[PDB]
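Colleague: Dropping in target26.pdb, which is PDB, N, CA and C atoms:
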ATOM      1  N   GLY N   1    -148.532  -8.053  54.264  1.00  0.00           N
ATOM      2  CA  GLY N   1    -149.877  -8.277  54.759  1.00  0.00           C
ATOM      3  C   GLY N   1    -150.305  -7.230  55.769  1.00  0.00           C
ATOM      4  N   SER N   2    -151.329  -6.457  55.421  1.00  0.00           N
ATOM      5  CA  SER N   2    -151.831  -5.410  56.302  1.00  0.00           C
ATOM      6  C   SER N   2    -152.085  -5.956  57.705  1.00  0.00           C
ATOM      7  N   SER N   3    -152.874  -7.023  57.783  1.00  0.00           N
ATOM      8  CA  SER N   3    -153.200  -7.641  59.063  1.00  0.00           C
ATOM      9  C   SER N   3    -151.932  -7.955  59.852  1.00  0.00           C
ATOM     10  N   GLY N   4    -151.987  -7.730  61.162  1.00  0.00           N
ATOM     11  CA  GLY N   4    -150.838  -7.994  62.009  1.00  0.00           C
ATOM     12  C   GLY N   4    -151.222  -8.658  63.316  1.00  0.00           C
ATOM     13  N   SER N   5    -150.260  -9.325  63.945  1.00  0.00           N
ATOM     14  CA  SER N   5    -150.504 -10.012  65.207  1.00  0.00           C
ATOM     15  C   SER N   5    -149.398  -9.709  66.214  1.00  0.00           C
ATOM     16  N   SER N   6    -149.609 -10.125  67.459  1.00  0.00           N
ATOM     17  CA  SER N   6    -148.632  -9.896  68.517  1.00  0.00           C
ATOM     18  C   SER N   6    -147.237 -10.322  68.071  1.00  0.00           C
ATOM     19  N   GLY N   7    -146.235  -9.977  68.873  1.00  0.00           N
ATOM     20  CA  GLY N   7    -144.867 -10.332  68.546  1.00  0.00           C
ATOM     21  C   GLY N   7    -144.441 -11.644  69.176  1.00  0.00           C
ATOM     22  N   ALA N   8    -143.347 -11.607  69.931  1.00  0.00           N
ATOM     23  CA  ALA N   8    -142.836 -12.802  70.592  1.00  0.00           C
ATOM     24  C   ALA N   8    -143.198 -12.807  72.073  1.00  0.00           C
ATOM     25  N   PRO N   9    -143.483 -14.002  72.610  1.00  0.00           N
ATOM     26  CA  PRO N   9    -143.849 -14.171  74.020  1.00  0.00           C
ATOM     27  C   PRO N   9    -142.673 -13.922  74.957  1.00  0.00           C
ATOM     28  N   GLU N  10    -142.969 -13.771  76.244  1.00  0.00           N
ATOM     29  CA  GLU N  10    -141.934 -13.527  77.242  1.00  0.00           C
ATOM     30  C   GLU N  10    -141.133 -14.797  77.516  1.00  0.00           C
ATOM     31  N   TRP N  11    -140.188 -14.705  78.445  1.00  0.00           N
ATOM     32  CA  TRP N  11    -139.352 -15.845  78.801  1.00  0.00           C
ATOM     33  C   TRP N  11    -139.897 -16.556  80.035  1.00  0.00           C
ATOM     34  N   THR N  12    -139.960 -17.882  79.970  1.00  0.00           N
ATOM     35  CA  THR N  12    -140.463 -18.680  81.081  1.00  0.00           C
ATOM     36  C   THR N  12    -139.433 -19.713  81.527  1.00  0.00           C
ATOM     37  N   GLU N  13    -139.466 -20.058  82.810  1.00  0.00           N
ATOM     38  CA  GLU N  13    -138.535 -21.036  83.361  1.00  0.00           C
ATOM     39  C   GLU N  13    -138.183 -22.097  82.323  1.00  0.00           C
ATOM     40  N   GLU N  14    -139.175 -22.491  81.530  1.00  0.00           N
ATOM     41  CA  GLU N  14    -138.971 -23.502  80.498  1.00  0.00           C
ATOM     42  C   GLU N  14    -137.991 -23.007  79.438  1.00  0.00           C
ATOM     43  N   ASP N  15    -138.233 -21.801  78.935  1.00  0.00           N
ATOM     44  CA  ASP N  15    -137.373 -21.211  77.916  1.00  0.00           C
ATOM     45  C   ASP N  15    -136.045 -20.763  78.519  1.00  0.00           C
ATOM     46  N   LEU N  16    -136.072 -20.405  79.798  1.00  0.00           N
ATOM     47  CA  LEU N  16    -134.871 -19.955  80.493  1.00  0.00           C
ATOM     48  C   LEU N  16    -134.010 -21.142  80.914  1.00  0.00           C
ATOM     49  N   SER N  17    -134.650 -22.289  81.115  1.00  0.00           N
ATOM     50  CA  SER N  17    -133.944 -23.498  81.523  1.00  0.00           C
ATOM     51  C   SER N  17    -133.403 -24.246  80.309  1.00  0.00           C
ATOM     52  N   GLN N  18    -134.121 -24.151  79.195  1.00  0.00           N
ATOM     53  CA  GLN N  18    -133.713 -24.820  77.965  1.00  0.00           C
ATOM     54  C   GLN N  18    -132.491 -24.141  77.355  1.00  0.00           C
ATOM     55  N   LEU N  19    -132.477 -22.813  77.396  1.00  0.00           N
ATOM     56  CA  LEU N  19    -131.366 -22.042  76.847  1.00  0.00           C
ATOM     57  C   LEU N  19    -130.027 -22.642  77.267  1.00  0.00           C
ATOM     58  N   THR N  20    -129.862 -22.853  78.569  1.00  0.00           N
ATOM     59  CA  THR N  20    -128.630 -23.421  79.100  1.00  0.00           C
ATOM     60  C   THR N  20    -128.258 -24.706  78.370  1.00  0.00           C
ATOM     61  N   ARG N  21    -129.269 -25.489  78.007  1.00  0.00           N
ATOM     62  CA  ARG N  21    -129.046 -26.746  77.302  1.00  0.00           C
ATOM     63  C   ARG N  21    -128.554 -26.493  75.880  1.00  0.00           C
ATOM     64  N   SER N  22    -129.196 -25.552  75.195  1.00  0.00           N
ATOM     65  CA  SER N  22    -128.828 -25.217  73.825  1.00  0.00           C
ATOM     66  C   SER N  22    -127.424 -24.620  73.771  1.00  0.00           C
ATOM     67  N   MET N  23    -127.161 -23.665  74.659  1.00  0.00           N
ATOM     68  CA  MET N  23    -125.858 -23.013  74.714  1.00  0.00           C
ATOM     69  C   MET N  23    -124.732 -24.039  74.635  1.00  0.00           C
ATOM     70  N   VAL N  24    -124.957 -25.205  75.234  1.00  0.00           N
ATOM     71  CA  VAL N  24    -123.962 -26.270  75.231  1.00  0.00           C
ATOM     72  C   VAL N  24    -123.835 -26.900  73.848  1.00  0.00           C
ATOM     73  N   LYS N  25    -124.972 -27.117  73.196  1.00  0.00           N
ATOM     74  CA  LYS N  25    -124.989 -27.711  71.865  1.00  0.00           C
ATOM     75  C   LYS N  25    -124.391 -26.757  70.836  1.00  0.00           C
ATOM     76  N   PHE N  26    -124.453 -25.463  71.129  1.00  0.00           N
ATOM     77  CA  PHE N  26    -123.917 -24.449  70.228  1.00  0.00           C
ATOM     78  C   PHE N  26    -123.104 -23.412  70.998  1.00  0.00           C
ATOM     79  N   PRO N  27    -121.832 -23.739  71.267  1.00  0.00           N
ATOM     80  CA  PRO N  27    -120.923 -22.851  71.998  1.00  0.00           C
ATOM     81  C   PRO N  27    -120.538 -21.619  71.186  1.00  0.00           C
ATOM     82  N   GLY N  28    -119.533 -20.891  71.663  1.00  0.00           N
ATOM     83  CA  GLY N  28    -119.086 -19.698  70.968  1.00  0.00           C
ATOM     84  C   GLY N  28    -118.234 -20.020  69.756  1.00  0.00           C
ATOM     85  N   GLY N  29    -118.294 -19.155  68.746  1.00  0.00           N
ATOM     86  CA  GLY N  29    -117.519 -19.370  67.538  1.00  0.00           C
ATOM     87  C   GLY N  29    -118.227 -20.275  66.549  1.00  0.00           C
ATOM     88  N   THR N  30    -119.188 -21.051  67.041  1.00  0.00           N
ATOM     89  CA  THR N  30    -119.942 -21.966  66.193  1.00  0.00           C
ATOM     90  C   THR N  30    -120.778 -21.206  65.170  1.00  0.00           C
ATOM     91  N   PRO N  31    -120.791 -21.708  63.926  1.00  0.00           N
ATOM     92  CA  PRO N  31    -121.549 -21.092  62.833  1.00  0.00           C
ATOM     93  C   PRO N  31    -123.055 -21.242  63.014  1.00  0.00           C
ATOM     94  N   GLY N  32    -123.739 -20.118  63.209  1.00  0.00           N
ATOM     95  CA  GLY N  32    -125.177 -20.147  63.392  1.00  0.00           C
ATOM     96  C   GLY N  32    -125.573 -20.429  64.829  1.00  0.00           C
ATOM     97  N   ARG N  33    -124.675 -20.122  65.759  1.00  0.00           N
ATOM     98  CA  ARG N  33    -124.935 -20.348  67.176  1.00  0.00           C
ATOM     99  C   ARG N  33    -126.340 -19.887  67.551  1.00  0.00           C
ATOM    100  N   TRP N  34    -126.530 -18.574  67.610  1.00  0.00           N
ATOM    101  CA  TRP N  34    -127.826 -18.004  67.958  1.00  0.00           C
ATOM    102  C   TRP N  34    -128.913 -18.512  67.018  1.00  0.00           C
ATOM    103  N   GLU N  35    -128.537 -18.773  65.770  1.00  0.00           N
ATOM    104  CA  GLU N  35    -129.482 -19.263  64.774  1.00  0.00           C
ATOM    105  C   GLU N  35    -129.965 -20.667  65.126  1.00  0.00           C
ATOM    106  N   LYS N  36    -129.098 -21.438  65.774  1.00  0.00           N
ATOM    107  CA  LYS N  36    -129.434 -22.801  66.170  1.00  0.00           C
ATOM    108  C   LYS N  36    -130.184 -22.812  67.498  1.00  0.00           C
ATOM    109  N   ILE N  37    -129.683 -22.048  68.462  1.00  0.00           N
ATOM    110  CA  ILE N  37    -130.308 -21.970  69.776  1.00  0.00           C
ATOM    111  C   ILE N  37    -131.745 -21.470  69.672  1.00  0.00           C
ATOM    112  N   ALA N  38    -131.976 -20.533  68.758  1.00  0.00           N
ATOM    113  CA  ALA N  38    -133.307 -19.975  68.556  1.00  0.00           C
ATOM    114  C   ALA N  38    -134.268 -21.028  68.016  1.00  0.00           C
ATOM    115  N   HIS N  39    -133.835 -21.744  66.982  1.00  0.00           N
ATOM    116  CA  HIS N  39    -134.659 -22.782  66.373  1.00  0.00           C
ATOM    117  C   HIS N  39    -134.993 -23.874  67.385  1.00  0.00           C
ATOM    118  N   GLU N  40    -134.136 -24.026  68.390  1.00  0.00           N
ATOM    119  CA  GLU N  40    -134.340 -25.034  69.422  1.00  0.00           C
ATOM    120  C   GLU N  40    -135.285 -24.521  70.505  1.00  0.00           C
ATOM    121  N   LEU N  41    -134.993 -23.331  71.020  1.00  0.00           N
ATOM    122  CA  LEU N  41    -135.816 -22.727  72.063  1.00  0.00           C
ATOM    123  C   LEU N  41    -137.178 -22.316  71.512  1.00  0.00           C
ATOM    124  N   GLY N  42    -137.227 -22.043  70.212  1.00  0.00           N
ATOM    125  CA  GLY N  42    -138.474 -21.644  69.584  1.00  0.00           C
ATOM    126  C   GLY N  42    -138.645 -20.139  69.540  1.00  0.00           C
ATOM    127  N   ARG N  43    -137.531 -19.417  69.593  1.00  0.00           N
ATOM    128  CA  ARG N  43    -137.564 -17.959  69.562  1.00  0.00           C
ATOM    129  C   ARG N  43    -136.715 -17.421  68.414  1.00  0.00           C
ATOM    130  N   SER N  44    -136.614 -16.098  68.329  1.00  0.00           N
ATOM    131  CA  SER N  44    -135.835 -15.458  67.275  1.00  0.00           C
ATOM    132  C   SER N  44    -134.411 -15.178  67.745  1.00  0.00           C
ATOM    133  N   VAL N  45    -133.452 -15.347  66.840  1.00  0.00           N
ATOM    134  CA  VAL N  45    -132.049 -15.113  67.160  1.00  0.00           C
ATOM    135  C   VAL N  45    -131.897 -13.974  68.162  1.00  0.00           C
ATOM    136  N   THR N  46    -132.133 -12.751  67.699  1.00  0.00           N
ATOM    137  CA  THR N  46    -132.022 -11.575  68.554  1.00  0.00           C
ATOM    138  C   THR N  46    -132.741 -11.790  69.881  1.00  0.00           C
ATOM    139  N   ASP N  47    -133.888 -12.456  69.826  1.00  0.00           N
ATOM    140  CA  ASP N  47    -134.672 -12.730  71.025  1.00  0.00           C
ATOM    141  C   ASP N  47    -133.854 -13.524  72.038  1.00  0.00           C
ATOM    142  N   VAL N  48    -133.049 -14.457  71.540  1.00  0.00           N
ATOM    143  CA  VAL N  48    -132.214 -15.286  72.402  1.00  0.00           C
ATOM    144  C   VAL N  48    -130.979 -14.524  72.869  1.00  0.00           C
ATOM    145  N   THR N  49    -130.098 -14.202  71.926  1.00  0.00           N
ATOM    146  CA  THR N  49    -128.875 -13.474  72.239  1.00  0.00           C
ATOM    147  C   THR N  49    -129.161 -12.281  73.143  1.00  0.00           C
ATOM    148  N   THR N  50    -130.220 -11.544  72.824  1.00  0.00           N
ATOM    149  CA  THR N  50    -130.603 -10.376  73.606  1.00  0.00           C
ATOM    150  C   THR N  50    -130.902 -10.756  75.052  1.00  0.00           C
ATOM    151  N   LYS N  51    -131.329 -11.998  75.255  1.00  0.00           N
ATOM    152  CA  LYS N  51    -131.649 -12.488  76.591  1.00  0.00           C
ATOM    153  C   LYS N  51    -130.401 -13.026  77.286  1.00  0.00           C
ATOM    154  N   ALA N  52    -129.648 -13.859  76.577  1.00  0.00           N
ATOM    155  CA  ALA N  52    -128.428 -14.440  77.126  1.00  0.00           C
ATOM    156  C   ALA N  52    -127.430 -13.354  77.513  1.00  0.00           C
ATOM    157  N   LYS N  53    -127.265 -12.368  76.637  1.00  0.00           N
ATOM    158  CA  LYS N  53    -126.341 -11.269  76.886  1.00  0.00           C
ATOM    159  C   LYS N  53    -126.543 -10.695  78.285  1.00  0.00           C
ATOM    160  N   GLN N  54    -127.799 -10.614  78.711  1.00  0.00           N
ATOM    161  CA  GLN N  54    -128.125 -10.086  80.030  1.00  0.00           C
ATOM    162  C   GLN N  54    -127.595 -10.999  81.130  1.00  0.00           C
ATOM    163  N   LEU N  55    -127.608 -12.301  80.868  1.00  0.00           N
ATOM    164  CA  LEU N  55    -127.128 -13.282  81.835  1.00  0.00           C
ATOM    165  C   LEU N  55    -125.608 -13.235  81.950  1.00  0.00           C
ATOM    166  N   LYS N  56    -124.941 -13.017  80.821  1.00  0.00           N
ATOM    167  CA  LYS N  56    -123.484 -12.945  80.795  1.00  0.00           C
ATOM    168  C   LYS N  56    -122.993 -11.645  81.422  1.00  0.00           C
ATOM    169  N   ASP N  57    -123.818 -10.607  81.348  1.00  0.00           N
ATOM    170  CA  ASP N  57    -123.467  -9.309  81.911  1.00  0.00           C
ATOM    171  C   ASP N  57    -123.526  -9.343  83.435  1.00  0.00           C
ATOM    172  N   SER N  58    -124.649  -9.813  83.969  1.00  0.00           N
ATOM    173  CA  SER N  58    -124.833  -9.895  85.412  1.00  0.00           C
ATOM    174  C   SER N  58    -124.413 -11.265  85.938  1.00  0.00           C
ATOM    175  N   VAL N  59    -123.126 -11.409  86.233  1.00  0.00           N
ATOM    176  CA  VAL N  59    -122.595 -12.668  86.745  1.00  0.00           C
ATOM    177  C   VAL N  59    -121.730 -12.437  87.979  1.00  0.00           C
ATOM    178  N   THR N  60    -121.311 -13.529  88.613  1.00  0.00           N
ATOM    179  CA  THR N  60    -120.478 -13.448  89.806  1.00  0.00           C
ATOM    180  C   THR N  60    -119.139 -14.142  89.590  1.00  0.00           C
ATOM    181  N   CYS N  61    -118.106 -13.352  89.317  1.00  0.00           N
ATOM    182  CA  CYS N  61    -116.770 -13.892  89.090  1.00  0.00           C
ATOM    183  C   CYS N  61    -115.700 -12.889  89.508  1.00  0.00           C
ATOM    184  N   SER N  62    -114.480 -13.379  89.704  1.00  0.00           N
ATOM    185  CA  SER N  62    -113.370 -12.527  90.112  1.00  0.00           C
ATOM    186  C   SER N  62    -113.389 -11.207  89.348  1.00  0.00           C
ATOM    187  N   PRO N  63    -113.024 -10.118  90.041  1.00  0.00           N
ATOM    188  CA  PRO N  63    -112.991  -8.777  89.449  1.00  0.00           C
ATOM    189  C   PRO N  63    -111.870  -8.623  88.426  1.00  0.00           C
ATOM    190  N   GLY N  64    -110.920  -9.553  88.450  1.00  0.00           N
ATOM    191  CA  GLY N  64    -109.808  -9.502  87.520  1.00  0.00           C
ATOM    192  C   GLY N  64    -108.902 -10.712  87.632  1.00  0.00           C
ATOM    193  N   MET N  65    -109.293 -11.805  86.984  1.00  0.00           N
ATOM    194  CA  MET N  65    -108.509 -13.034  87.015  1.00  0.00           C
ATOM    195  C   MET N  65    -107.088 -12.785  86.517  1.00  0.00           C
ATOM    196  N   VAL N  66    -106.205 -12.399  87.433  1.00  0.00           N
ATOM    197  CA  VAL N  66    -104.814 -12.130  87.086  1.00  0.00           C
ATOM    198  C   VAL N  66    -103.888 -13.196  87.661  1.00  0.00           C
ATOM    199  N   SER N  67    -102.730 -13.368  87.032  1.00  0.00           N
ATOM    200  CA  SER N  67    -101.757 -14.357  87.478  1.00  0.00           C
ATOM    201  C   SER N  67    -100.862 -13.784  88.574  1.00  0.00           C
ATOM    202  N   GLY N  68    -100.363 -12.573  88.348  1.00  0.00           N
ATOM    203  CA  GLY N  68     -99.500 -11.933  89.324  1.00  0.00           C
ATOM    204  C   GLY N  68     -99.293 -10.459  89.036  1.00  0.00           C
ATOM    205  N   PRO N  69     -99.143  -9.659  90.102  1.00  0.00           N
ATOM    206  CA  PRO N  69     -98.937  -8.213  89.984  1.00  0.00           C
ATOM    207  C   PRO N  69     -97.567  -7.868  89.410  1.00  0.00           C
ATOM    208  N   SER N  70     -96.582  -8.715  89.693  1.00  0.00           N
ATOM    209  CA  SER N  70     -95.224  -8.497  89.208  1.00  0.00           C
ATOM    210  C   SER N  70     -94.452  -9.811  89.148  1.00  0.00           C
ATOM    211  N   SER N  71     -93.858 -10.090  87.991  1.00  0.00           N
ATOM    212  CA  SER N  71     -93.091 -11.316  87.800  1.00  0.00           C
ATOM    213  C   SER N  71     -91.711 -11.197  88.436  1.00  0.00           C
ATOM    214  N   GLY N  72     -90.951 -10.194  88.006  1.00  0.00           N
ATOM    215  CA  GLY N  72     -89.619  -9.988  88.543  1.00  0.00           C
ATOM    216  C   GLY N  72     -89.611  -9.039  89.725  1.00  0.00           C
TER
END
Step by step, read the file and then write its structure as structure tokens.
Modeller:
Amino acid sequence: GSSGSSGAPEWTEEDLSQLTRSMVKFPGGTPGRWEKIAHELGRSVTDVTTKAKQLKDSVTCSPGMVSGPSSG
């Protein structure tokens, strides 16, 4: 179709707050994870994963969760 329209809308507290809820319903390894979270949030797979990935990248956790420098 020649005619075209805008793409996908930005992220809003609503969409940013819902994601956390969906992520729980569809954890990692699950078949169609992003495919399910998107249908729930109302966005496109890439649209979601592309957003979540940013959240997983910028986080606050130990620089290296290690057990010990030397056993023996």
Colleague: Report, in Å to a single decimal, how far apart atom N of residue 33 of chain N and atom CA of residue 11 of chain N are.
Modeller: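 Answer for the atom CA of residue 11 of chain N to atom N of residue 33 of chain N separation: 20.1 Å.
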Colleague: Let's see if you can do this: from backbone DSSP, list all alpha helix (DSSP H) residues in chain N, as a VMD selection string.
Modeller: chain N and resid 13 to 25 33 to 41 45 to 57
Colleague: Export N, CA and C atoms of the chosen residues as an mmCIF file, in the coordinates of the input?
Modeller:
data_model
loop_
_atom_site.group_PDB
_atom_site.id
_atom_site.type_symbol
_atom_site.label_atom_id
_atom_site.label_comp_id
_atom_site.auth_asym_id
_atom_site.auth_seq_id
_atom_site.Cartn_x
_atom_site.Cartn_y
_atom_site.Cartn_z
ATOM 1 N N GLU N 13 -139.466 -20.058 82.810
ATOM 2 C CA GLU N 13 -138.535 -21.036 83.361
ATOM 3 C C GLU N 13 -138.183 -22.097 82.323
ATOM 4 N N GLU N 14 -139.175 -22.491 81.530
ATOM 5 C CA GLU N 14 -138.971 -23.502 80.498
ATOM 6 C C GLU N 14 -137.991 -23.007 79.438
ATOM 7 N N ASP N 15 -138.233 -21.801 78.935
ATOM 8 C CA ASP N 15 -137.373 -21.211 77.916
ATOM 9 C C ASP N 15 -136.045 -20.763 78.519
ATOM 10 N N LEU N 16 -136.072 -20.405 79.798
ATOM 11 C CA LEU N 16 -134.871 -19.955 80.493
ATOM 12 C C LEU N 16 -134.010 -21.142 80.914
ATOM 13 N N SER N 17 -134.650 -22.289 81.115
ATOM 14 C CA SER N 17 -133.944 -23.498 81.523
ATOM 15 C C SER N 17 -133.403 -24.246 80.309
ATOM 16 N N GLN N 18 -134.121 -24.151 79.195
ATOM 17 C CA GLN N 18 -133.713 -24.820 77.965
ATOM 18 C C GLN N 18 -132.491 -24.141 77.355
ATOM 19 N N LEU N 19 -132.477 -22.813 77.396
ATOM 20 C CA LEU N 19 -131.366 -22.042 76.847
ATOM 21 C C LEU N 19 -130.027 -22.642 77.267
ATOM 22 N N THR N 20 -129.862 -22.853 78.569
ATOM 23 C CA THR N 20 -128.630 -23.421 79.100
ATOM 24 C C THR N 20 -128.258 -24.706 78.370
ATOM 25 N N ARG N 21 -129.269 -25.489 78.007
ATOM 26 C CA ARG N 21 -129.046 -26.746 77.302
ATOM 27 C C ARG N 21 -128.554 -26.493 75.880
ATOM 28 N N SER N 22 -129.196 -25.552 75.195
ATOM 29 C CA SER N 22 -128.828 -25.217 73.825
ATOM 30 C C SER N 22 -127.424 -24.620 73.771
ATOM 31 N N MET N 23 -127.161 -23.665 74.659
ATOM 32 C CA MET N 23 -125.858 -23.013 74.714
ATOM 33 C C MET N 23 -124.732 -24.039 74.635
ATOM 34 N N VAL N 24 -124.957 -25.205 75.234
ATOM 35 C CA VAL N 24 -123.962 -26.270 75.231
ATOM 36 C C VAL N 24 -123.835 -26.900 73.848
ATOM 37 N N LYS N 25 -124.972 -27.117 73.196
ATOM 38 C CA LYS N 25 -124.989 -27.711 71.865
ATOM 39 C C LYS N 25 -124.391 -26.757 70.836
ATOM 40 N N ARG N 33 -124.675 -20.122 65.759
ATOM 41 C CA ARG N 33 -124.935 -20.348 67.176
ATOM 42 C C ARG N 33 -126.340 -19.887 67.551
ATOM 43 N N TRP N 34 -126.530 -18.574 67.610
ATOM 44 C CA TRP N 34 -127.826 -18.004 67.958
ATOM 45 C C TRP N 34 -128.913 -18.512 67.018
ATOM 46 N N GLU N 35 -128.537 -18.773 65.770
ATOM 47 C CA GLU N 35 -129.482 -19.263 64.774
ATOM 48 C C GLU N 35 -129.965 -20.667 65.126
ATOM 49 N N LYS N 36 -129.098 -21.438 65.774
ATOM 50 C CA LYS N 36 -129.434 -22.801 66.170
ATOM 51 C C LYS N 36 -130.184 -22.812 67.498
ATOM 52 N N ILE N 37 -129.683 -22.048 68.462
ATOM 53 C CA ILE N 37 -130.308 -21.970 69.776
ATOM 54 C C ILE N 37 -131.745 -21.470 69.672
ATOM 55 N N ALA N 38 -131.976 -20.533 68.758
ATOM 56 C CA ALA N 38 -133.307 -19.975 68.556
ATOM 57 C C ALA N 38 -134.268 -21.028 68.016
ATOM 58 N N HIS N 39 -133.835 -21.744 66.982
ATOM 59 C CA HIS N 39 -134.659 -22.782 66.373
ATOM 60 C C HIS N 39 -134.993 -23.874 67.385
ATOM 61 N N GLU N 40 -134.136 -24.026 68.390
ATOM 62 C CA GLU N 40 -134.340 -25.034 69.422
ATOM 63 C C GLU N 40 -135.285 -24.521 70.505
ATOM 64 N N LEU N 41 -134.993 -23.331 71.020
ATOM 65 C CA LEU N 41 -135.816 -22.727 72.063
ATOM 66 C C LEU N 41 -137.178 -22.316 71.512
ATOM 67 N N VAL N 45 -133.452 -15.347 66.840
ATOM 68 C CA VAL N 45 -132.049 -15.113 67.160
ATOM 69 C C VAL N 45 -131.897 -13.974 68.162
ATOM 70 N N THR N 46 -132.133 -12.751 67.699
ATOM 71 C CA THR N 46 -132.022 -11.575 68.554
ATOM 72 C C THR N 46 -132.741 -11.790 69.881
ATOM 73 N N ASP N 47 -133.888 -12.456 69.826
ATOM 74 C CA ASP N 47 -134.672 -12.730 71.025
ATOM 75 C C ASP N 47 -133.854 -13.524 72.038
ATOM 76 N N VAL N 48 -133.049 -14.457 71.540
ATOM 77 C CA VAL N 48 -132.214 -15.286 72.402
ATOM 78 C C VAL N 48 -130.979 -14.524 72.869
ATOM 79 N N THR N 49 -130.098 -14.202 71.926
ATOM 80 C CA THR N 49 -128.875 -13.474 72.239
ATOM 81 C C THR N 49 -129.161 -12.281 73.143
ATOM 82 N N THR N 50 -130.220 -11.544 72.824
ATOM 83 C CA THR N 50 -130.603 -10.376 73.606
ATOM 84 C C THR N 50 -130.902 -10.756 75.052
ATOM 85 N N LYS N 51 -131.329 -11.998 75.255
ATOM 86 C CA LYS N 51 -131.649 -12.488 76.591
ATOM 87 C C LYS N 51 -130.401 -13.026 77.286
ATOM 88 N N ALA N 52 -129.648 -13.859 76.577
ATOM 89 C CA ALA N 52 -128.428 -14.440 77.126
ATOM 90 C C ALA N 52 -127.430 -13.354 77.513
ATOM 91 N N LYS N 53 -127.265 -12.368 76.637
ATOM 92 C CA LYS N 53 -126.341 -11.269 76.886
ATOM 93 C C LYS N 53 -126.543 -10.695 78.285
ATOM 94 N N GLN N 54 -127.799 -10.614 78.711
ATOM 95 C CA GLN N 54 -128.125 -10.086 80.030
ATOM 96 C C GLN N 54 -127.595 -10.999 81.130
ATOM 97 N N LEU N 55 -127.608 -12.301 80.868
ATOM 98 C CA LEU N 55 -127.128 -13.282 81.835
ATOM 99 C C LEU N 55 -125.608 -13.235 81.950
ATOM 100 N N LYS N 56 -124.941 -13.017 80.821
ATOM 101 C CA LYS N 56 -123.484 -12.945 80.795
ATOM 102 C C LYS N 56 -122.993 -11.645 81.422
ATOM 103 N N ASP N 57 -123.818 -10.607 81.348
ATOM 104 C CA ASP N 57 -123.467 -9.309 81.911
ATOM 105 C C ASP N 57 -123.526 -9.343 83.435
#
Colleague: Atom CA of residue 38 of chain N to atom CA of residue 1 of chain N: how many Å, to one decimal?
Modeller: 24.5 Å
Colleague: Just to confirm, what's the straight-line distance from atom C of residue 68 of chain N to atom C of residue 56 of chain N in Å (one decimal)?
Modeller: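 Spanning atom C of residue 68 of chain N to atom C of residue 56 of chain N is a straight-line distance of 24.9 Å.
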Colleague: May I have the residues within 8 Å of residue 37 of chain N as a PDB file with N, CA and C atoms, keeping the file's coordinate frame, using only N, CA and C atoms and disregarding those fewer than 4 positions away in the same chain?
Modeller:
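Contents of the output file out_25.pdb:
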ATOM      1  N   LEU N  19    -132.477 -22.813  77.396  1.00  0.00           N
ATOM      2  CA  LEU N  19    -131.366 -22.042  76.847  1.00  0.00           C
ATOM      3  C   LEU N  19    -130.027 -22.642  77.267  1.00  0.00           C
ATOM      4  N   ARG N  21    -129.269 -25.489  78.007  1.00  0.00           N
ATOM      5  CA  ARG N  21    -129.046 -26.746  77.302  1.00  0.00           C
ATOM      6  C   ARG N  21    -128.554 -26.493  75.880  1.00  0.00           C
ATOM      7  N   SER N  22    -129.196 -25.552  75.195  1.00  0.00           N
ATOM      8  CA  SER N  22    -128.828 -25.217  73.825  1.00  0.00           C
ATOM      9  C   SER N  22    -127.424 -24.620  73.771  1.00  0.00           C
ATOM     10  N   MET N  23    -127.161 -23.665  74.659  1.00  0.00           N
ATOM     11  CA  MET N  23    -125.858 -23.013  74.714  1.00  0.00           C
ATOM     12  C   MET N  23    -124.732 -24.039  74.635  1.00  0.00           C
ATOM     13  N   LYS N  25    -124.972 -27.117  73.196  1.00  0.00           N
ATOM     14  CA  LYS N  25    -124.989 -27.711  71.865  1.00  0.00           C
ATOM     15  C   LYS N  25    -124.391 -26.757  70.836  1.00  0.00           C
ATOM     16  N   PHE N  26    -124.453 -25.463  71.129  1.00  0.00           N
ATOM     17  CA  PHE N  26    -123.917 -24.449  70.228  1.00  0.00           C
ATOM     18  C   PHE N  26    -123.104 -23.412  70.998  1.00  0.00           C
ATOM     19  N   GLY N  32    -123.739 -20.118  63.209  1.00  0.00           N
ATOM     20  CA  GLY N  32    -125.177 -20.147  63.392  1.00  0.00           C
ATOM     21  C   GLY N  32    -125.573 -20.429  64.829  1.00  0.00           C
ATOM     22  N   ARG N  33    -124.675 -20.122  65.759  1.00  0.00           N
ATOM     23  CA  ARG N  33    -124.935 -20.348  67.176  1.00  0.00           C
ATOM     24  C   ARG N  33    -126.340 -19.887  67.551  1.00  0.00           C
ATOM     25  N   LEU N  41    -134.993 -23.331  71.020  1.00  0.00           N
ATOM     26  CA  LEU N  41    -135.816 -22.727  72.063  1.00  0.00           C
ATOM     27  C   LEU N  41    -137.178 -22.316  71.512  1.00  0.00           C
ATOM     28  N   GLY N  42    -137.227 -22.043  70.212  1.00  0.00           N
ATOM     29  CA  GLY N  42    -138.474 -21.644  69.584  1.00  0.00           C
ATOM     30  C   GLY N  42    -138.645 -20.139  69.540  1.00  0.00           C
ATOM     31  N   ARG N  43    -137.531 -19.417  69.593  1.00  0.00           N
ATOM     32  CA  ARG N  43    -137.564 -17.959  69.562  1.00  0.00           C
ATOM     33  C   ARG N  43    -136.715 -17.421  68.414  1.00  0.00           C
ATOM     34  N   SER N  44    -136.614 -16.098  68.329  1.00  0.00           N
ATOM     35  CA  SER N  44    -135.835 -15.458  67.275  1.00  0.00           C
ATOM     36  C   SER N  44    -134.411 -15.178  67.745  1.00  0.00           C
ATOM     37  N   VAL N  45    -133.452 -15.347  66.840  1.00  0.00           N
ATOM     38  CA  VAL N  45    -132.049 -15.113  67.160  1.00  0.00           C
ATOM     39  C   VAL N  45    -131.897 -13.974  68.162  1.00  0.00           C
ATOM     40  N   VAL N  48    -133.049 -14.457  71.540  1.00  0.00           N
ATOM     41  CA  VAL N  48    -132.214 -15.286  72.402  1.00  0.00           C
ATOM     42  C   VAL N  48    -130.979 -14.524  72.869  1.00  0.00           C
ATOM     43  N   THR N  49    -130.098 -14.202  71.926  1.00  0.00           N
ATOM     44  CA  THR N  49    -128.875 -13.474  72.239  1.00  0.00           C
ATOM     45  C   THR N  49    -129.161 -12.281  73.143  1.00  0.00           C
TER      46      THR N  49
END
